[PDB]
Amino acid sequence: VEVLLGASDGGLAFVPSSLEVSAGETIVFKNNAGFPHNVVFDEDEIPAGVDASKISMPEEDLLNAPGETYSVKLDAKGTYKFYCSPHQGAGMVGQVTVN
Amino acid sequence: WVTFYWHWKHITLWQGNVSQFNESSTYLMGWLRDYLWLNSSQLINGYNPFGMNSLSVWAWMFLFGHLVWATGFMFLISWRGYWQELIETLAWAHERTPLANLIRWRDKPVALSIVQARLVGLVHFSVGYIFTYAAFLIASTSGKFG
Amino acid sequence: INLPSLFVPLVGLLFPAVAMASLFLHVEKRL
Amino acid sequence: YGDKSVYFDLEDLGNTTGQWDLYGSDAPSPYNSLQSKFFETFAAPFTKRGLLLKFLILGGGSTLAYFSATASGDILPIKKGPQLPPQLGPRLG
Amino acid sequence: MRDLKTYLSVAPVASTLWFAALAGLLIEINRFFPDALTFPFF
Amino acid sequence: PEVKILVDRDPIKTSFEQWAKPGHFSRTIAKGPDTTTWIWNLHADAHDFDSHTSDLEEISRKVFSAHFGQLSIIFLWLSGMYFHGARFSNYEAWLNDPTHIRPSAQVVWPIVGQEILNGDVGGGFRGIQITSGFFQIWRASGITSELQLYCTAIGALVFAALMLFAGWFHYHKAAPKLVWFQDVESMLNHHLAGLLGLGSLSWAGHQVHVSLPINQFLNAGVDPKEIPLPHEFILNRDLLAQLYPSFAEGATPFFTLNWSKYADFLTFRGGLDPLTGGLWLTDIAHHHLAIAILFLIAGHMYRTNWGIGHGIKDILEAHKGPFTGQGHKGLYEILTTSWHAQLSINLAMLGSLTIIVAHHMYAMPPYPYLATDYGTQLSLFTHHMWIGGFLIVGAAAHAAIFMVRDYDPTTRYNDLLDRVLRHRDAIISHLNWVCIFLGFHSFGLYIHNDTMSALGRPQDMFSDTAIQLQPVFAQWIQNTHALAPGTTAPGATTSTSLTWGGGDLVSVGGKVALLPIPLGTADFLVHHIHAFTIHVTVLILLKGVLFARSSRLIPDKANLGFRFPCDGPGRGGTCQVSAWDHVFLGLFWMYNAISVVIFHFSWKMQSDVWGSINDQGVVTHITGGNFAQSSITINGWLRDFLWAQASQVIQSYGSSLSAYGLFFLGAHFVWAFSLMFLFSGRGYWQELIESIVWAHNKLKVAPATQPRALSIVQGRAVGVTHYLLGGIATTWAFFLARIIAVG
Amino acid sequence: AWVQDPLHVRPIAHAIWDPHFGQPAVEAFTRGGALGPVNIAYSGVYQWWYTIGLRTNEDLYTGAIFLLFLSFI
Amino acid sequence: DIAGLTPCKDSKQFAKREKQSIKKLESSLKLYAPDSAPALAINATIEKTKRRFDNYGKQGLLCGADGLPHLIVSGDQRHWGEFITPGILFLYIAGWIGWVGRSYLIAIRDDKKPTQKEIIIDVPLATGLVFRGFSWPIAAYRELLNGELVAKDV
Ligand code: CLA
Ligand code: CLA
Ligand code: CLA
Ligand code: CLA
Ligand code: CLA
Ligand SMILES: CC1=C(C/C=C(\C)CCC[C@H](C)CCC[C@H](C)CCCC(C)C)C(=O)c2ccccc2C1=O
Ligand code: SF4
Ligand SMILES: [Cu+2]
């Protein structure tokens with residue numbers, strides 16, 4: 001399921017912020033506007049297992065260029081809350097659930 | 001400084017995120033990144049190669065205030081003598097050219113006075129200051145409306 | 001008939017033109 | 001002035017101060033009388049300072065007012081008006 | 001020797017030696033008691 | 001008439017008497033300090049030899065000895081480099097896997113938690129990554145172990161000591177006489193042949209024997225420690241014969257003029273090495289051989305002692321035409337009696353040369369694994385650009401100094417200089433017009449694009465998709481360059497550089513080394529901006545030089561000197577009328593121009609050149625080619641360049657790049673601090689210091705040396721120094737953090 | 001319109017009539033339920049006038065006329 | 001506690017920050033060899049961090065909602081170690097410096113050329129003078145009482 005990092009108006013938000021996806025699918029975080037954008041998975045309030053580095057980006061990496069995607073396969077029952085380390089203070093916090 | 005403090009505190013309170021200000025206010029990099037750089041995305045995106053929105057007028061003013069202020073640095077750094085000599089050579093050139101020496105100035109051109117130059121530089125500095133900050137504040141608060 | 005259409009040029013082009021001409025004449029000549 | 005190396009004399013101050021015209025023609029009119037007799041007759045009413053100034057100012061003003069108050073839609077998008085529904089603000093609107 | 005002493009006490013040289021000594025002293029104090037934010041002895 | 005060695009014995013006896021007396025050179029300074037201003041003066045005129053005395057011989061001796069001292073300093077700096085590379089570096093680990101390990105040759109002791117700066121650079125090493133590009137130089141030279149680096153460091157230390165001793169000995173024991181310094185024919189002959197030509201021949205000889213066989217072994221995949229030592233390749237010649245068969249005959253092709261047989265290692269290929277991403281070493285060796293021949297020939301031009309040769313006076317005085325009277329007659333006497341004239345000419349030439357060096361060095365990378373080391377490329381380009389700009393501004397400074405001080409038509413009269421001084425008004429007026437015209441059309445187009453974009457009229461913009469301003473001439477020239485090999489230059493296989501065209505992208509280790517650079521409307525606009533800035537700074541400097549002696553405002557400006565605050569508030573105000581103030585303004589404009597140039601280089605490289613190659617050959621550029629469409633407006637430069645790329649530096653806190661963020665903020669601070677000096681005057685500060693001094697007098701703690709406020713000229717100098725430091729340092733931190741995090 | 005729902009409508013300062021505007025600019029600047037490009041007031045006059053008692057456009061017109069008379073006086 | 005803060009020893013965000021810092025430091029350690037110089041340095045840094053956090057908890061600092069220590073300077077006797085006794089120490093040292101410098105200035109003020117002894121420090125005299133700053137608190141007090149600290153006639 002594709003979600004764009006940052007709004008067209010330069011807003012620092014995900015497009016849609018809340019993703020309700022089915023298992024067997026992988027999210028692609030494509031860059032839109034306001035990049036460099038980073039997607040980091042919480043590590044907390046996260047189901048059972050799932051190690052953080054598997055779905056996180058290094059807390060010191062950033063996607064560049066207008067059209068760059070980050071690929072995460074997920075596939076684990078529960079909900080995952082993700083956020084953007086640089087713009088987490090501007091409300092760039094999202095959430096993906098797999099039911 | 002007063003208005004930076006007020007605006008950052010209130011923009012973080014209006015988001016229910018007073019913590020963020022509490023963490024990032026203690027050091028100056030927090031002010032530079034979490035306030036100026038962070039709250040300045042929609043404003044600078046007011047218009048871009050993919051179109052414009054209602055904030056473009058501010059994005060333009062934001063740049064306008066940056067220009068005025070910068071040209072203020074001119075009158076504040078460069079002083080009179082250089083400009084006086086430049087104007088002297090300009091007067092020579094105008095008086096020595098065909099078809100335009102038929103037109104004659106009536107008040108002898110001169111460089112701005114020292115006090116006048118200081119005043120003009122200060123006026124540019126202040127106008128640019130005010131315009132750029134007003135653009136930033138209105139665009140960032142109105143961009144989120146919260 | 002659109003009142004703004006008549007006035008915006010009137011105050012932005014005609015008025016500054018006439019005012020600048022008149023003030024240049026006043027400031028720039030011996031009395 | 002100009003006797004040998006002298007470049008100054010009170011008798012002729014104009015020459016001394018270089019008050020010449022580098023390119024003045026001092027030649028008769030290159031136009032034949034007939035053309036001038038037309039131009040000076042049809043362009044006569046525009047050679048008064050106050051009259052020309054007042055006429056130019058008011059005529060240009062009226063021309064601008066007429067051309068701006070009666071502009072067609074393909075001219076100025078400002079007065080053609082919006083053609084799309086309006087969007088809502090983040091919470092206002 | 002005497003002139004060497006004289007030049008060795010001139011403002012710049014004396015200041016640099018004094019500040020090098022002060023920097024070394026502070027560096028060693030921090031090394032022995034690093035991360036000190038309060039005075040706990042009394 | 002003859003060229004010979006002339007010296008004087010024991011002119012100054014080494015001692016410590018003058019060390020104890022601050023400012024022996026100036027009598028009033030020698031007397032002692034009355035006020036704090038004295039102190040500043042003592043430094044402001046430390047190296048102004050021509051003002052402490054008037055004898056040319058003493059000035060020349062001091063200049064020669066100071067040259068020796070500076071050469072010693074440079075040698076010490078190089079020895080430090082080599083030692084740090086030898087001991088505190090991961091050079092061998094990087095040598096084993098270049099693309100894998102990030103070069104580093106500096107570690108920090110763990111004292112106050114600063115050990116965070118010892119980042120993970122790879123190769124089992126923790127340190128500070130270096131962008132000086134020394135590792136590439138050492139690899140290109142054939143250095144494989146740290147023993148060689150240690151030996152080079154020790155040798156450089158010894159040569160620094162030798163330079164220092166030479167300076168002492170030549171100033172205090174054997175000081176050359178004036179006729180020795182004034183012998184320019186032999187000096188030119190030796191420098192052209194003895195220094196440049198012979199040095200290039202020596203370096204070519206090294207490359208043939210050490211660089212070529214060692215780099216061939218390294219590129220063949222042999223582990224660095226298993227390679228034969230560089231000296232073995234000289235003892236046993238079959239070692240070289242294996243790599244290049246033509247070494248078998250040995251020199252006989254060179255003496256029978258069968259030079260074609262040397263085509264094995266002396267080639268004219270061009271382009272880049274697909275394995276290392278640098279120039280073919282067999283091309284560089286041939287380069288240096290040809291350069292050696294050319295310079296050894298050119299250094300045989302001027303007559304010294306055996307009749308054959310050229311008299312520089314004859315060449316100069318033989319040139320003159322109807323438009324310049326007797327031009328070039330008298331210039332020889334001007335250039336052999338004034339040091340400032342020579343200094344200005346040489347400074348201008350060296351600045352231009354450094355700029356050209358930057359351009360050519362990022363055009364075709366000459367060192368292996370340098371093209372894909374993006375941080376090194378960016379840092380080298382920016383560094384050389386700044387050095388060249390500063391040297392060019394110094395050229396104007398010293399031309400004005402000469403004009404004020406050493407220019408004298410009564411004894412040393414020159415015709416061309418007289419004519420220039422006689423139509424300076426026309427020169428400056430036309431230059432002013434050109435500056436205005438360029439400023440309106442270069443920057444005005446940017447403002448037009450910005451306004452159109454803000455008004456929602458992209459069809460009216462000056463862009464590649466609306467109104468195109470295509471640089472047809474540059475496109476044609478680079479197209480002619482692309483077609484050059486095989487057509488107009490048959491002996492070359494690949495074009496001079498891969499920026500010309502022809503496709504043939506070159507990549508190394510999954511990273512793009514180089515590929516054709518396209519020129520469009522944005523390139524046209526930025527190039528015209530460059531022209532505008534260069535012309536304005538030239539206007540400032542040239543106006544400072546030409547009007548240094550007199551003008552229609554102050555007809556006796558020379559009598560005031562090269563450096564002085566003003567001539568009072570008369571005539572409406574005569575602030576900053578001196579030539580020094582013109583240099584002071586030229587510094588600001590040079591900063592502006594160079595900042596724009598480096599910004600253009602960085603953004604263009606990131607957008608259209610640097611990037612990552614993939615399996616299918618799809619190049620993903622660091623910035624996805626947004627320069628062509630975003631650089632045509634000021635808002636794009638503020639958003640897609642500054643805002644977007646500042647994220648790397650501002651986030652650096654908590655990591656090994658935190659020092660870059662600290663320097664970013666500190667440079668901002670120092671720059672803003674400079675405005676304190678640039679905007680105020682010394683009268684207010686003196687009045688405030690009066691109250692401070694009174695407060696001190698109230699407690700019997702007032703200094704005996706009265707504390708005066710800084711002089712006007714010193715205020716200007718401090719302001720410009722702080723401005724330049726802050727701006728250049730913030731750009732330095734920004735570039736380094738951005739390219740190290742993203743590169 | 002603002003007095004009907006003060007919290008969910010942006011107050012308008014004055015209309016824009018700029019012949020330099022492009023079509024997308026005209027589209028983007030028409031807000032607040034107006035028929036053309038307008039400016040959203042931030043001086044806070046709407047809230048102030050609402051609190052003191054002004055409700056209709058007639059009251060504003062009367063105030064404007066009274067103040068013109070006052071300036072003339 | 002004071003100002004709504006809680007002691008760092010029993011605070012939770014303080015412990016969370018401590019754990020996160022150690023986790024970040026350890027993340028780098030696992031990359032290198034177990035007993036190499038970089039590994040030893042990283043281990044030393046981790047031990048230093050643990051000791052620092054334990055000491056901060058030990059001294060009884062106050063931690064806010066951010067989980068960082070906060071300094072109370074109102075004068076509460078439970079926190080004199082945060083600003084008041086360091087403040088007294090600074091005042092002592094700074095008065096030492098100022099008194100020594102003033103003594104030097106007064107001593108050299110009687111020569112025909114006092115400026116000579118100001119750009120070239122007369123170290124012999126300075127070494128004798130520097131030790132007066134041990135007792136400057138008394139010298140300055142009696143200097144004020146005796147009425148010659150402040151230059152009269154001014
Ligand atoms: C100082 C108060 C003020 C201000 C800041 C403005 C500002 C504006 N008016 Mg406006 N106007 C005002 C008072 C004011 N008006 C008054 C009292 C009236 C009569 C009720 C009008 C009637 C009016 C009309 C009919 C129109 C505007 C329009 C406009 C806008 C476009 C420019 C223009 O047409 O010029 C102003 C045009 C006038 C006819 C103004 C004449 C009235 C006053 C008395 C003139 C003052 C001149 C005086 C010598 C200088 C005042 C002192 C100082 C401010 C210099 C602009 C934003 C146009 C618009 O709608 O924008 C799209 C438009 O068509 N105004
Ligand atoms: C090694 C012993 C020695 C001694 C005892 C002297 C003694 C003397 N020299 Mg001499 N000299 C020496 C070595 C020595 N020199 C060497 C090795 C050189 C070659 C560079 C020179 C070249 C030289 C010149 C050209 C001149 C003298 C002069 C003099 C006399 C004037 C005062 C003086 O020295 O300047 C002051 C003493 C200093 C220590 C000044 C500092 C200079 C060094 C090089 C600065 C180091 C640069 C540093 C790295 C910059 C970076 C800054 C950074 C650290 C922040 C004095 C009697 C002058 C003279 O005789 O006047 C007529 C004169 O013009 N010397
Ligand atoms: C083969 C002949 C030769 C060579 C190689 C040089 C080389 C050099 N000269 Mg020189 N010169 C020469 C002949 C030569 N000169 C003659 C014949 C004259 C008289 C007309 C001069 C007069 C002269 C002056 C006035 C000056 C120089 C300077 C310089 C240096 C310029 C800066 C530089 O590029 O550093 C390059 C650095 C290196 C190449 C490192 C190695 C340096 C080696 C050891 C130099 C040894 C060459 C020397 C001539 C040997 C003779 C001395 C012998 C008794 C031991 C450079 C090292 C300038 C200077 O002082 O230097 C700062 C300078 O001011 N020269
Ligand atoms: C080989 C190059 C070269 C040489 C040999 C000279 C030589 C000379 N210059 Mg010159 N100059 C040069 C290049 C050169 N210049 C360049 C490139 C510029 C453009 C910037 C200038 C601009 C210039 C001016 C405007 C003037 C001179 C002057 C002079 C003369 C006296 C300089 C002096 O001692 O004052 C004292 C020197 C100092 C006080 C040192 C300044 C220290 C700098 C500002 C600090 C650098 C900061 C550092 C890089 C980074 C921060 C470190 C810090 C934080 C620790 C002297 C003969 C002066 C003169 O009167 O000519 C006769 C003078 O007015 N020069
Ligand atoms: C943003 C700051 C700023 C700006 C805009 C300028 C602009 C300019 N400087 Mg400058 N300068 C500055 C900062 C600035 N400076 C500072 C801080 C210093 C201190 C070191 C200097 C020191 C300095 C010196 C020493 C000199 C200049 C010179 C110049 C002029 C060069 C001529 C030119 O470019 O032609 C055209 C002008 C421009 C491109 C500027 C923008 C013009 C816009 C695009 C046109 C808009 C027109 C618009 C339709 C107007 C309608 C509005 C209406 C309501 C009136 C130019 C006007 C040189 C000069 O005077 O030339 C001979 C000169 O010698 N400057
Ligand atoms: C540029 C400059 C000049 C030269 C400035 C000149 C010659 C002014 C030329 C400006 C022309 C007249 C156009 C300006 C356009 C203005 C926007 C018009 C304002 C007029 C009224 C609306 C007030 C100085 O004389 C000077 C003197 C002392 C210190 C610094 C400086 C200085 O920086
Ligand atoms: S302000 Fe300063 S520089 Fe200008 S005339 Fe007065 S004293 Fe001279
Ligand atoms: Cu983001």
# chains A, B, ... in the order shown; residues from 1 in each chain; ligands from 1
$ residues_around --residues "region 364-367 of chain F" --least-positions-apart "6" --cutoff "8 Å" --atoms "only C-alpha atoms" --output "PyMOL selection string"
chain F and resi 136-137+140+271-272+277-279+496-498
$ residues_around --residues "region 30-43 of chain A" --least-positions-apart "4" --cutoff "7 Å" --atoms "only C-alpha atoms" --output "short mmCIF file (atom, residue, chain, number, x, y, z; two decimals) with N, CA, C and O atoms, in the first residue's frame"
data_model
loop_
_atom_site.label_atom_id
_atom_site.label_comp_id
_atom_site.auth_asym_id
_atom_site.auth_seq_id
_atom_site.Cartn_x
_atom_site.Cartn_y
_atom_site.Cartn_z
N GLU A 2 0.81 2.09 -1.04
CA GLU A 2 1.57 3.38 -1.09
C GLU A 2 0.98 4.52 -0.25
O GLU A 2 -0.23 4.79 -0.33
N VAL A 3 1.87 5.22 0.46
CA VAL A 3 1.56 6.40 1.33
C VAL A 3 2.64 7.43 1.00
O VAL A 3 3.77 7.03 0.96
N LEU A 4 2.30 8.70 0.77
CA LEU A 4 3.29 9.74 0.41
C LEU A 4 3.79 10.48 1.65
O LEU A 4 2.97 10.84 2.48
N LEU A 5 5.10 10.72 1.75
CA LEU A 5 5.69 11.43 2.88
C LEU A 5 5.60 12.93 2.61
O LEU A 5 6.28 13.45 1.73
N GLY A 6 4.76 13.62 3.38
CA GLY A 6 4.58 15.05 3.22
C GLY A 6 3.46 15.40 2.26
O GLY A 6 3.29 14.75 1.22
N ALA A 7 2.69 16.43 2.60
CA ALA A 7 1.59 16.85 1.75
C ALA A 7 2.03 17.74 0.61
O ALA A 7 3.16 18.24 0.57
N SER A 8 1.12 17.95 -0.34
CA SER A 8 1.41 18.81 -1.48
C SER A 8 1.68 20.25 -1.05
O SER A 8 2.54 20.92 -1.62
N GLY A 10 3.24 21.25 1.36
CA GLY A 10 4.39 21.29 2.25
C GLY A 10 4.10 20.83 3.66
O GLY A 10 5.01 20.85 4.50
N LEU A 12 3.84 18.55 6.80
CA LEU A 12 4.64 17.40 7.23
C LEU A 12 3.71 16.34 7.81
O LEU A 12 3.56 16.19 9.03
N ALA A 52 13.47 -3.84 16.24
CA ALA A 52 13.14 -2.55 15.63
C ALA A 52 13.85 -2.36 14.30
O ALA A 52 13.27 -1.82 13.35
N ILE A 55 12.25 -2.99 10.50
CA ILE A 55 11.36 -2.07 9.80
C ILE A 55 11.75 -0.62 9.99
O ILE A 55 11.19 0.25 9.32
N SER A 56 12.70 -0.32 10.88
CA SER A 56 13.22 1.03 11.00
C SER A 56 14.28 1.28 9.93
O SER A 56 14.81 0.35 9.31
N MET A 57 14.50 2.56 9.77
CA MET A 57 15.60 3.17 9.00
C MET A 57 16.60 3.63 10.07
O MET A 57 16.16 3.91 11.21
N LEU A 62 18.16 9.59 5.87
CA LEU A 62 17.04 10.35 5.32
C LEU A 62 16.88 10.02 3.85
O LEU A 62 17.87 9.97 3.11
N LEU A 63 15.64 9.78 3.42
CA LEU A 63 15.34 9.63 2.01
C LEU A 63 15.49 10.97 1.30
O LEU A 63 14.99 12.00 1.78
N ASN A 64 16.17 10.97 0.16
CA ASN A 64 16.41 12.17 -0.62
C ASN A 64 15.74 12.03 -1.98
O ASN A 64 15.15 11.00 -2.31
N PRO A 66 13.07 13.80 -4.99
CA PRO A 66 11.60 13.87 -4.91
C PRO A 66 10.90 12.53 -4.90
O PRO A 66 9.89 12.37 -4.21
N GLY A 67 11.40 11.55 -5.65
CA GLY A 67 10.72 10.27 -5.77
C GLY A 67 11.56 9.09 -5.31
O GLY A 67 12.04 8.31 -6.13
N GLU A 68 11.72 8.95 -3.99
CA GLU A 68 12.44 7.83 -3.40
C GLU A 68 11.52 7.10 -2.43
O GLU A 68 10.84 7.75 -1.62
N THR A 69 11.50 5.78 -2.51
CA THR A 69 10.60 4.95 -1.72
C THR A 69 11.37 4.16 -0.68
O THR A 69 12.54 3.81 -0.87
N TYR A 70 10.70 3.87 0.43
CA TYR A 70 11.20 2.96 1.46
C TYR A 70 10.26 1.77 1.52
O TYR A 70 9.04 1.94 1.64
N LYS A 81 2.76 1.76 15.08
CA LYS A 81 2.69 3.24 14.96
C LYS A 81 4.03 3.73 14.43
O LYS A 81 5.04 3.42 15.02
N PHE A 82 4.02 4.46 13.33
CA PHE A 82 5.33 4.92 12.82
C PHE A 82 5.34 6.43 12.84
O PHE A 82 4.30 7.07 13.04
N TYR A 83 6.51 6.99 12.67
CA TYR A 83 6.64 8.44 12.71
C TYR A 83 7.93 8.85 12.00
O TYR A 83 8.78 8.02 11.68
N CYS A 84 8.04 10.15 11.76
CA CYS A 84 9.18 10.73 11.06
C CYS A 84 10.06 11.42 12.09
O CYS A 84 9.65 12.41 12.70
N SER A 85 11.27 10.90 12.27
CA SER A 85 12.16 11.45 13.29
C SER A 85 12.37 12.95 13.13
O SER A 85 12.23 13.68 14.13
N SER B 41 7.95 25.11 6.39
CA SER B 41 7.83 24.27 5.21
C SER B 41 6.67 24.70 4.33
O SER B 41 6.83 24.91 3.12
N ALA F 644 16.21 22.16 2.34
CA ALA F 644 16.24 20.71 2.18
C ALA F 644 17.58 20.13 2.65
O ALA F 644 17.62 19.11 3.34
#
$ interface_residues --of "chain B" --to "chain F" --cutoff "6 Å" --atoms "only C-alpha atoms" --output "list in words"
residues 47, 56, 76, 77, 79, 80, 81, 82, 89 and 90 of chain B
$ atom_distance --atom1 "atom 26 (C, counted along the ligand's line) of ligand 4" --atom2 "CA of residue 404 (chain F)"
12.8 Å
$ interface_residues --of "chain G" --to "chain F" --cutoff "12 Å" --atoms "only C-alpha atoms" --output "ChimeraX atom specification"
/G:18-29
$ residues_near_ligand --ligand "ligand 5" --cutoff "7 Å" --atoms "only C-alpha atoms and all ligand atoms" --output "PyMOL selection string"
(chain B and resi 67-68+70-74+77-78) or (chain F and resi 432+435-440+443-444+447+536+539-540+585+588-589)
$ residues_near_ligand --ligand "ligand 3" --cutoff "6 Å" --atoms "only C-alpha atoms and all ligand atoms" --output "list in words"
residues 64, 67, 68, 71, 181, 183, 186, 187, 190, 191, 194 and 195 of chain F
$ write_last_selection --atoms "N, CA and C atoms" --output "PDB file, in the first residue's frame"
ATOM      1  N   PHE F  64      63.237  37.624   1.296  1.00  0.00           N
ATOM      2  CA  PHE F  64      63.827  36.309   1.057  1.00  0.00           C
ATOM      3  C   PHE F  64      63.794  35.452   2.318  1.00  0.00           C
ATOM      4  N   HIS F  67      60.305  34.349   3.156  1.00  0.00           N
ATOM      5  CA  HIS F  67      59.956  33.249   2.267  1.00  0.00           C
ATOM      6  C   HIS F  67      60.502  31.935   2.799  1.00  0.00           C
ATOM      7  N   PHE F  68      61.753  31.943   3.259  1.00  0.00           N
ATOM      8  CA  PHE F  68      62.323  30.723   3.823  1.00  0.00           C
ATOM      9  C   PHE F  68      61.524  30.257   5.035  1.00  0.00           C
ATOM     10  N   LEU F  71      58.253  28.710   3.891  1.00  0.00           N
ATOM     11  CA  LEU F  71      58.522  27.405   3.301  1.00  0.00           C
ATOM     12  C   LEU F  71      58.759  26.360   4.384  1.00  0.00           C
ATOM     13  N   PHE F 181      69.137  40.084  -6.412  1.00  0.00           N
ATOM     14  CA  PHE F 181      67.684  40.010  -6.504  1.00  0.00           C
ATOM     15  C   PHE F 181      67.164  40.593  -7.809  1.00  0.00           C
ATOM     16  N   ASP F 183      68.376  40.377 -10.692  1.00  0.00           N
ATOM     17  CA  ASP F 183      68.737  39.553 -11.844  1.00  0.00           C
ATOM     18  C   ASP F 183      67.550  38.656 -12.174  1.00  0.00           C
ATOM     19  N   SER F 186      68.096  35.357 -15.230  1.00  0.00           N
ATOM     20  CA  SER F 186      68.559  34.068 -14.724  1.00  0.00           C
ATOM     21  C   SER F 186      67.524  33.439 -13.803  1.00  0.00           C
ATOM     22  N   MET F 187      66.838  34.259 -13.008  1.00  0.00           N
ATOM     23  CA  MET F 187      65.786  33.747 -12.137  1.00  0.00           C
ATOM     24  C   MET F 187      64.700  33.050 -12.945  1.00  0.00           C
ATOM     25  N   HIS F 190      65.988  29.738 -14.471  1.00  0.00           N
ATOM     26  CA  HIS F 190      66.094  28.632 -13.525  1.00  0.00           C
ATOM     27  C   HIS F 190      64.721  28.130 -13.102  1.00  0.00           C
ATOM     28  N   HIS F 191      63.800  29.045 -12.793  1.00  0.00           N
ATOM     29  CA  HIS F 191      62.480  28.615 -12.345  1.00  0.00           C
ATOM     30  C   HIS F 191      61.736  27.876 -13.450  1.00  0.00           C
ATOM     31  N   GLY F 194      64.941  24.881 -14.079  1.00  0.00           N
ATOM     32  CA  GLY F 194      65.466  24.214 -12.899  1.00  0.00           C
ATOM     33  C   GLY F 194      64.379  23.711 -11.969  1.00  0.00           C
ATOM     34  N   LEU F 195      63.289  24.466 -11.841  1.00  0.00           N
ATOM     35  CA  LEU F 195      62.250  24.117 -10.879  1.00  0.00           C
ATOM     36  C   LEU F 195      61.106  23.360 -11.541  1.00  0.00           C
TER      37      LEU F 195
END
$ residues_around --residues "residue 77 (chain A)" --least-positions-apart "5" --cutoff "9 Å" --atoms "only C-alpha atoms" --output "JSON list (two decimals) with N, CA, C and O atoms, in the first residue's frame"
[["chain", "number", "residue", "atom", "x", "y", "z"],
["A", 23, "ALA", "N", -2.79, -8.30, 5.72],
["A", 23, "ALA", "CA", -1.49, -9.02, 5.75],
["A", 23, "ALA", "C", -1.19, -9.67, 4.39],
["A", 23, "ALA", "O", -2.10, -10.16, 3.69],
["A", 47, "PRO", "N", 3.45, -4.66, 18.64],
["A", 47, "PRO", "CA", 3.06, -6.03, 19.02],
["A", 47, "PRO", "C", 4.05, -7.16, 19.30],
["A", 47, "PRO", "O", 4.80, -7.52, 18.41],
["A", 97, "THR", "N", -2.36, -0.60, 10.78],
["A", 97, "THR", "CA", -2.87, -1.81, 11.47],
["A", 97, "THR", "C", -3.13, -2.90, 10.44],
["A", 97, "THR", "O", -3.66, -2.58, 9.39],
["A", 98, "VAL", "N", -2.83, -4.13, 10.81],
["A", 98, "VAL", "CA", -3.09, -5.28, 9.93],
["A", 98, "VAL", "C", -4.09, -6.17, 10.65],
["A", 98, "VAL", "O", -3.77, -6.78, 11.67],
["A", 99, "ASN", "N", -5.31, -6.23, 10.12],
["A", 99, "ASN", "CA", -6.36, -7.06, 10.71],
["A", 99, "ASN", "C", -6.63, -8.27, 9.83],
["A", 99, "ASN", "O", -7.41, -9.16, 10.19]]
